[PDB]
Amino acid sequence: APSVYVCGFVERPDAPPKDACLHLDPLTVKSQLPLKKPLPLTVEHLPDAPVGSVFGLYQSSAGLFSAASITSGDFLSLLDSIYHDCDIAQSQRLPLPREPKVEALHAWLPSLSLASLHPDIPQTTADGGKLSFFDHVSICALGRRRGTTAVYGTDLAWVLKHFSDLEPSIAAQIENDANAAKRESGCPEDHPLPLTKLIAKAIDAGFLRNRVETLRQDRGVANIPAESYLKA
Amino acid sequence: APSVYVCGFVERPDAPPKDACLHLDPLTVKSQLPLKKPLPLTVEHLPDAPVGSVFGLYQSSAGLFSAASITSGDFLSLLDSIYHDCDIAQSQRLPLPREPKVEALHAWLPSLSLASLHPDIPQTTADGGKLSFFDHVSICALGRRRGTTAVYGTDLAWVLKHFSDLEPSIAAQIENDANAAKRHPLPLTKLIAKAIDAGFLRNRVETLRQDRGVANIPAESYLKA
Amino acid sequence: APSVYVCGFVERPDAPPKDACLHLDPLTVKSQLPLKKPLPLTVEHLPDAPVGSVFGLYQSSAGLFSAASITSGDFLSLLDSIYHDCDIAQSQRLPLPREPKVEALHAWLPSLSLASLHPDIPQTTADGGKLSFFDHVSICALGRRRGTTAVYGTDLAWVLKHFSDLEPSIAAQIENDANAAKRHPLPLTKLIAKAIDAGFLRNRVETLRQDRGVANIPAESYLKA
Amino acid sequence: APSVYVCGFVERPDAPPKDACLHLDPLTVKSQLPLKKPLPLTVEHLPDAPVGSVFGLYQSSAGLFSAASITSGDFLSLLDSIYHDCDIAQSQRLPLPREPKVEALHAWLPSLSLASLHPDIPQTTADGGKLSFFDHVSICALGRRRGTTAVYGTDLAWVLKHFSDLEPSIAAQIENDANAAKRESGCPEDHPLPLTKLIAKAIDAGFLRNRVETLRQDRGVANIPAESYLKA
């Protein structure tokens, strides 16, 4: 029962996209405030591809930060299989110990994507701020917002070190929401895993012009160390 | 359930290699000659991913041409599944009549790859040529050779038209080897990994573009690039 | 007319390569496994110079061992001719009972060479190993691998003794595959050319010496070096 | 009916071997004087391997020089076959036009060897000089006397240029003994060619320690140009 940790910024201001839809109203953000209830961690925005859970989102002079964990046994073993059948997972940008499941995560699903729904149609303004509801964070081939590139690890301590622009105050407390959430029960065999839906999602990621060069800028924007397990 | 045809040039002299091992020797070419028995059609070179069979290879003033057919029911239904879940497959570059299985093939495994078995040490420069054994052609993300951009379809007539520079003489006869010939689940995990690798290639889409231009296939085709 | 046995190590871990392609992968090793059908025994790798057949290959704490047999009458009489015209064959390094055909083999084609067919592009690192197909073993002037110095003889019992470090378990069983198995002119011009090439090698004799020392064969053997 | 030319020194004083047998008494030499009758040109001292004829031997401040020609049609075509089946013949030390038959000669039979018989037993002294009879010159893998390395060509003009230590007086006249001998009739199918005997002779040439390094010194000793068709 060993689990991975997914961390990174789902949205950064110093990495603002030209699209205004992506813009998140900091008002709705601080409205959803802390840990009401965790958020579903899915693979490529697939509701049938839940692999873990987001146990907190936080703000920084850098941007919104998301901390989650992958607890899907059948998915954790998939990254295992996938690893020795993927030259891209195996080879490393920079020499580092052989880390199966995580090196696969970095080749398969590099970025983070925060999706929100909107009661849309009835429109709102939480006495200052337009309504939206955080429903899930997904691991993807490339998030829409820049600097969304993640980091995978066995311990937040090490996983959070990569983000030097992360106010120690957040990191200090975030290390606790992890132990706190560790009370979660057990939910194996929840949806095998849409291998077919996942392959399709992997196919879409074959037609991304300048993706590796964009994942480069993302690790730099997140100011993550150039000696990371990332592939770009 | 019917079968799909894969056609295209595995090697085009008009679109050369930058290195030496990716060169073909007319020696081995006229050596392998027409058909011996069918040739295994695999996916990303996976011996356990056989989806059809190559029923002939031919020469042209333009290059080497490969004609194959996909008959694996389990794979034919996979391009089915895959299609309503693949935005790149669903969306067309130009307006053309929707084509599930085919649209998927072009986004998933667009190119062709000709693999040959070679000796450890120079074994038989049969002073008629260098030695190599053609063992299979695979459908992949992007061939290492150029003009490799393949064409998928239901009927060869239409499938073979996409090739201008191809001589009618071969196409006319090739349409017969098909009727003549008419006489491993699929390690999805291994296939995904192969698809992951494709996610880390530089200029793939832009390279697939130059390929359909070099292989002389119209813009009005089902090439996702 | 009888047949001659060729034995020796085609590869010895205790006597390593200076390069990468001359490495063997235990993967392909346990893949090819015992026998499938006999293996063609050729001369200097000439497909048109088949003189016998390899009836088994085995592993040892010391390396890979090859057991073959020569049965070509036209070649058996050639070592006959060749002997009374080859001063190097006639003259022995140490006093031993005259042996025409054999003395010739040791001066003409002393070493063993294991050739394998490899894919054009990485084809099947069967995640159990790298892919290679053993197509034949050839007798040559001086193998590219070390400890390759082979041993020729009339009876395996004696032929297999020359190998100290070889386990009795394999030799005992190998003597049976021989009885079990017991159930192209010869392009002299191409052979001469091959012999000419051997005339232009640096340290051949001195290299063949280190080979019999590394393959653990006695000084009291029929090795011309 | 195109023929090759074999030239070089069969014996040089500046390249004297330690063996005294090899020593040729200059007295018997000038005794055999010029062109009595040509000498048989054989392959590896094989009486059954006649491939041409020696049409003159000459002396120099350098040493005894031998000029011969290969007229064996069935042997001339053998060097042809042999050529494209011999990587050593094909490859060149230094880039030069593709010359089949001759490039094969240089890889197969580099040196020259002058053999003489001796009435031996009755002993003689041609009023100054011990009796010996020149019976043939053979082309071999390596002659016993140093600097015996030959040169093959279609015209003596070019073939003789290689030996700058060759008194023009000799060369000038030697170019004539060639036209003179060109009266010789025709003797095809004289002895197929002991392919078996030739292979054996080729096998012996596999156990020559430091042969390529000795063929080097020979081209230097003969002061032949380093841009020659020779292989060493």
# chains A, B, ... in the order shown; residues from 1 in each chain; ligands from 1
call {"tool": "interface_residues", "arguments": {"of": "chain A", "to": "chain C", "cutoff": "12 Å", "atoms": "only C-alpha atoms", "output": "VMD selection string"}}
result
chain A and resid 81 to 87
call {"tool": "interface_residues", "arguments": {"of": "chain B", "to": "chain C", "cutoff": "12 Å", "atoms": "only C-alpha atoms", "output": "MDAnalysis selection string"}}
result
chainID B and resid 20:24 42:49 113:127 131:138 143:145 190
call {"tool": "residues_around", "arguments": {"residues": "residue 86 of chain B", "least_positions_apart": "6", "cutoff": "8 Å", "atoms": "only C-alpha atoms", "output": "short mmCIF file (atom, residue, chain, number, x, y, z; two decimals) with N, CA, C and O atoms, in the first residue's frame"}}
result
data_model
loop_
_atom_site.label_atom_id
_atom_site.label_comp_id
_atom_site.auth_asym_id
_atom_site.auth_seq_id
_atom_site.Cartn_x
_atom_site.Cartn_y
_atom_site.Cartn_z
N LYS A 197 -9.59 4.62 -23.20
CA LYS A 197 -9.78 6.05 -23.08
C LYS A 197 -8.43 6.72 -22.81
O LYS A 197 -8.21 7.83 -23.26
N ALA A 200 -6.35 6.85 -26.07
CA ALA A 200 -6.87 7.94 -26.89
C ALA A 200 -6.29 9.26 -26.41
O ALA A 200 -5.87 10.09 -27.20
N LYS A 201 -6.28 9.44 -25.09
CA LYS A 201 -5.75 10.65 -24.48
C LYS A 201 -4.26 10.76 -24.76
O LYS A 201 -3.73 11.86 -24.86
N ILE A 203 -2.91 9.54 -27.48
CA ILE A 203 -2.83 9.80 -28.91
C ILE A 203 -2.93 11.30 -29.16
O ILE A 203 -2.20 11.85 -29.98
N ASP A 204 -3.84 11.96 -28.44
CA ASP A 204 -4.04 13.40 -28.58
C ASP A 204 -2.73 14.11 -28.26
O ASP A 204 -2.41 15.15 -28.86
N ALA B 104 -8.82 7.27 -36.65
CA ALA B 104 -8.03 6.85 -35.50
C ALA B 104 -6.65 6.36 -35.95
O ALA B 104 -5.62 6.69 -35.37
#
call {"tool": "residues_around", "arguments": {"residues": "segment 167-182 of chain B", "least_positions_apart": "6", "cutoff": "10 Å", "atoms": "only C-alpha atoms", "output": "PyMOL selection string"}}
result
chain B and resi 5+35+37-38+53-62+65-69+155-157+159-161
call {"tool": "write_last_selection", "arguments": {"atoms": "N, CA and C atoms", "output": "CSV table (one decimal), in the first residue's frame"}}
result
chain,number,residue,atom,x,y,z
B,5,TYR,N,-7.2,-1.4,-45.4
B,5,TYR,CA,-6.0,-1.4,-46.2
B,5,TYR,C,-5.0,-0.3,-45.9
B,35,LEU,N,6.5,-12.0,-53.7
B,35,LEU,CA,6.0,-12.5,-52.5
B,35,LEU,C,6.7,-13.9,-52.2
B,37,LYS,N,5.8,-15.9,-48.6
B,37,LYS,CA,4.4,-15.9,-47.9
B,37,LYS,C,4.1,-14.6,-47.4
B,38,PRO,N,2.8,-14.3,-47.0
B,38,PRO,CA,2.4,-13.0,-46.4
B,38,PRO,C,3.5,-12.5,-45.4
B,53,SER,N,-1.5,-8.3,-42.4
B,53,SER,CA,-0.5,-8.9,-43.1
B,53,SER,C,-0.2,-8.1,-44.4
B,54,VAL,N,1.1,-8.0,-44.7
B,54,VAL,CA,1.6,-7.3,-45.9
B,54,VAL,C,1.5,-8.3,-47.1
B,55,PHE,N,0.7,-8.0,-48.1
B,55,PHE,CA,0.5,-8.9,-49.2
B,55,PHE,C,1.3,-8.5,-50.5
B,56,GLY,N,2.4,-7.8,-50.3
B,56,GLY,CA,3.2,-7.4,-51.4
B,56,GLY,C,3.9,-6.1,-51.3
B,57,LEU,N,5.1,-6.0,-51.9
B,57,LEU,CA,5.9,-4.7,-51.9
B,57,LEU,C,6.3,-4.6,-53.3
B,58,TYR,N,6.4,-3.4,-53.8
B,58,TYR,CA,6.7,-3.1,-55.2
B,58,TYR,C,7.6,-1.9,-55.4
B,59,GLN,N,8.3,-1.8,-56.5
B,59,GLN,CA,9.2,-0.7,-56.8
B,59,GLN,C,8.6,0.3,-57.7
B,60,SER,N,9.0,1.6,-57.6
B,60,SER,CA,8.5,2.6,-58.5
B,60,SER,C,9.6,3.6,-58.8
B,61,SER,N,9.5,4.4,-59.8
B,61,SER,CA,10.4,5.4,-60.2
B,61,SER,C,10.6,6.3,-59.0
B,62,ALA,N,9.6,6.3,-58.1
B,62,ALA,CA,9.6,7.1,-56.9
B,62,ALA,C,10.1,6.5,-55.7
B,65,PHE,N,7.0,0.7,-52.4
B,65,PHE,CA,5.6,0.8,-52.0
B,65,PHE,C,5.2,-0.4,-51.3
B,66,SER,N,4.4,-0.3,-50.2
B,66,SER,CA,3.9,-1.4,-49.4
B,66,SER,C,2.4,-1.4,-49.3
B,67,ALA,N,1.9,-2.6,-49.6
B,67,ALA,CA,0.4,-2.8,-49.6
B,67,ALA,C,0.1,-3.9,-48.5
B,68,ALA,N,-0.7,-3.6,-47.5
B,68,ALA,CA,-1.1,-4.5,-46.5
B,68,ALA,C,-2.5,-4.4,-46.2
B,69,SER,N,-3.0,-5.3,-45.2
B,69,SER,CA,-4.4,-5.3,-44.9
B,69,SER,C,-4.5,-5.6,-43.4
B,155,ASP,N,-11.4,0.4,-49.5
B,155,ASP,CA,-11.2,-0.2,-50.8
B,155,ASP,C,-9.9,0.3,-51.4
B,156,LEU,N,-9.0,-0.6,-51.9
B,156,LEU,CA,-7.8,-0.2,-52.5
B,156,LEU,C,-7.9,0.8,-53.6
B,157,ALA,N,-8.9,0.6,-54.5
B,157,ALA,CA,-9.1,1.5,-55.6
B,157,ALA,C,-8.9,2.9,-55.1
B,159,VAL,N,-8.0,3.8,-52.0
B,159,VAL,CA,-6.8,3.9,-51.2
B,159,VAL,C,-5.5,4.1,-52.0
B,160,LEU,N,-5.4,3.5,-53.1
B,160,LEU,CA,-4.2,3.6,-54.0
B,160,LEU,C,-4.2,4.9,-54.9
B,161,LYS,N,-5.3,5.6,-55.0
B,161,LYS,CA,-5.4,6.7,-55.8
B,161,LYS,C,-4.6,7.9,-55.2
call {"tool": "closest_residue", "arguments": {"among": "D:10, D:208, D:151, D:232", "to": "residue 62 of chain D", "atoms": "only C-alpha atoms"}}
result
D:10
call {"tool": "residues_around", "arguments": {"residues": "residue 68 of chain D", "least_positions_apart": "2", "cutoff": "6 Å", "atoms": "only C-alpha atoms", "output": "JSON, numbers by chain"}}
result
{"D": [5, 6, 53, 54, 55]}
call {"tool": "residues_around", "arguments": {"residues": "segment 191-200 of chain C", "least_positions_apart": "3", "cutoff": "6 Å", "atoms": "only C-alpha atoms", "output": "VMD selection string"}}
result
(chain C and resid 188) or (chain D and resid 82 85 to 86 88 108 199 202 205 to 206)
call {"tool": "atom_distance", "arguments": {"atom1": "atom CA of residue 58 of chain A", "atom2": "atom CA of residue 26 of chain A"}}
result
11.4 Å
call {"tool": "residues_around", "arguments": {"residues": "residue 181 of chain D", "least_positions_apart": "5", "cutoff": "12 Å", "atoms": "only C-alpha atoms", "output": "PyMOL selection string"}}
result
chain D and resi 35-39+52-56+67-69+71+174-176
call {"tool": "select_by_dssp", "arguments": {"residues": "segment 77-212 of chain B", "states": "strand (DSSP E or B)", "output": "ChimeraX atom specification"}}
result
/B:111-119,133-140,149,151-153
call {"tool": "select_by_dssp", "arguments": {"residues": "segment 119-225 of chain A", "states": "helix (DSSP H, G or I)", "output": "PyMOL selection string"}}
result
chain A and resi 156-161+168-181+195-204+212-221
call {"tool": "atom_distance", "arguments": {"atom1": "atom CA of residue 229 of chain A", "atom2": "atom CA of residue 57 of chain A"}}
result
22.8 Å
call {"tool": "closest_residue", "arguments": {"among": "D:70, D:107, D:157, D:1", "to": "residue 93 of chain D", "atoms": "only C-alpha atoms"}}
result
D:107
call {"tool": "decode", "arguments": {"residues": "segment 18-93 of chain A", "atoms": "C-alpha atoms", "output": "mmCIF file, in the first residue's frame"}}
result
data_model
loop_
_atom_site.group_PDB
_atom_site.id
_atom_site.type_symbol
_atom_site.label_atom_id
_atom_site.label_comp_id
_atom_site.auth_asym_id
_atom_site.auth_seq_id
_atom_site.Cartn_x
_atom_site.Cartn_y
_atom_site.Cartn_z
ATOM 1 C CA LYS A 18 -3.733 34.843 -23.050
ATOM 2 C CA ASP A 19 -7.112 33.226 -22.537
ATOM 3 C CA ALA A 20 -9.336 34.898 -19.997
ATOM 4 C CA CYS A 21 -11.422 31.788 -19.385
ATOM 5 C CA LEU A 22 -8.473 30.161 -17.657
ATOM 6 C CA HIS A 23 -8.296 33.161 -15.308
ATOM 7 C CA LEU A 24 -9.520 32.124 -11.897
ATOM 8 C CA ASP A 25 -11.250 34.796 -9.820
ATOM 9 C CA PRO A 26 -9.134 34.886 -6.591
ATOM 10 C CA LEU A 27 -12.413 35.755 -5.032
ATOM 11 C CA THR A 28 -14.046 32.409 -5.799
ATOM 12 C CA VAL A 29 -10.686 30.924 -4.854
ATOM 13 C CA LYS A 30 -10.581 32.204 -1.273
ATOM 14 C CA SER A 31 -14.308 31.400 -1.231
ATOM 15 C CA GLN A 32 -13.630 27.659 -1.611
ATOM 16 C CA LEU A 33 -10.980 28.444 1.023
ATOM 17 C CA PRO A 34 -9.275 25.409 2.633
ATOM 18 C CA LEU A 35 -9.994 21.707 3.137
ATOM 19 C CA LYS A 36 -13.747 21.414 2.949
ATOM 20 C CA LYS A 37 -13.494 17.949 1.400
ATOM 21 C CA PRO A 38 -10.720 16.627 -0.866
ATOM 22 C CA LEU A 39 -10.967 16.943 -4.632
ATOM 23 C CA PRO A 40 -10.951 13.973 -7.034
ATOM 24 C CA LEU A 41 -7.585 13.375 -8.745
ATOM 25 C CA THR A 42 -8.239 12.001 -12.247
ATOM 26 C CA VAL A 43 -6.257 11.018 -15.354
ATOM 27 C CA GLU A 44 -6.919 13.348 -18.278
ATOM 28 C CA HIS A 45 -10.143 14.727 -16.919
ATOM 29 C CA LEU A 46 -11.650 11.241 -17.095
ATOM 30 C CA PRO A 47 -14.277 10.819 -14.300
ATOM 31 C CA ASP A 48 -13.707 7.087 -14.724
ATOM 32 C CA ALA A 49 -9.942 7.494 -14.256
ATOM 33 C CA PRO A 50 -9.701 8.438 -10.520
ATOM 34 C CA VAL A 51 -6.229 7.594 -9.277
ATOM 35 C CA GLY A 52 -5.988 9.580 -6.052
ATOM 36 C CA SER A 53 -7.226 12.669 -4.248
ATOM 37 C CA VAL A 54 -6.290 16.350 -3.812
ATOM 38 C CA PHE A 55 -5.913 17.049 -0.087
ATOM 39 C CA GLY A 56 -5.501 20.820 -0.241
ATOM 40 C CA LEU A 57 -4.862 23.859 -2.436
ATOM 41 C CA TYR A 58 -2.957 26.895 -1.215
ATOM 42 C CA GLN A 59 -1.982 30.408 -2.333
ATOM 43 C CA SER A 60 1.436 31.990 -2.672
ATOM 44 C CA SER A 61 3.113 35.176 -3.863
ATOM 45 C CA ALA A 62 3.737 32.727 -6.721
ATOM 46 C CA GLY A 63 0.268 31.269 -7.343
ATOM 47 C CA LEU A 64 -2.269 28.610 -6.316
ATOM 48 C CA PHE A 65 -0.626 25.372 -5.154
ATOM 49 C CA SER A 66 -2.192 21.902 -5.199
ATOM 50 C CA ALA A 67 -1.135 18.890 -3.148
ATOM 51 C CA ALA A 68 -2.596 15.443 -3.919
ATOM 52 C CA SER A 69 -1.824 11.785 -3.594
ATOM 53 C CA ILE A 70 -2.208 8.757 -5.824
ATOM 54 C CA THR A 71 -3.720 5.790 -3.974
ATOM 55 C CA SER A 72 -5.003 3.623 -6.866
ATOM 56 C CA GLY A 73 -3.386 0.228 -6.419
ATOM 57 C CA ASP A 74 -4.328 -0.961 -9.888
ATOM 58 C CA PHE A 75 -3.111 2.333 -11.349
ATOM 59 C CA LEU A 76 0.077 2.381 -9.276
ATOM 60 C CA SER A 77 0.937 -1.045 -10.734
ATOM 61 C CA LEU A 78 0.137 0.290 -14.232
ATOM 62 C CA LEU A 79 2.838 2.919 -14.023
ATOM 63 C CA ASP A 80 4.968 -0.019 -13.055
ATOM 64 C CA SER A 81 4.107 -2.100 -16.097
ATOM 65 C CA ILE A 82 4.128 0.882 -18.430
ATOM 66 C CA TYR A 83 7.641 1.846 -17.223
ATOM 67 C CA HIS A 84 9.720 -0.982 -18.710
ATOM 68 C CA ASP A 85 7.778 -0.753 -21.996
ATOM 69 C CA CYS A 86 8.418 2.968 -22.395
ATOM 70 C CA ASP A 87 11.905 4.094 -23.479
ATOM 71 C CA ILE A 88 10.859 7.673 -22.722
ATOM 72 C CA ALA A 89 10.092 6.761 -19.101
ATOM 73 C CA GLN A 90 13.329 4.801 -18.671
ATOM 74 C CA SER A 91 15.788 7.311 -20.157
ATOM 75 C CA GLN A 92 16.578 10.309 -17.979
ATOM 76 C CA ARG A 93 17.351 13.918 -18.802
#
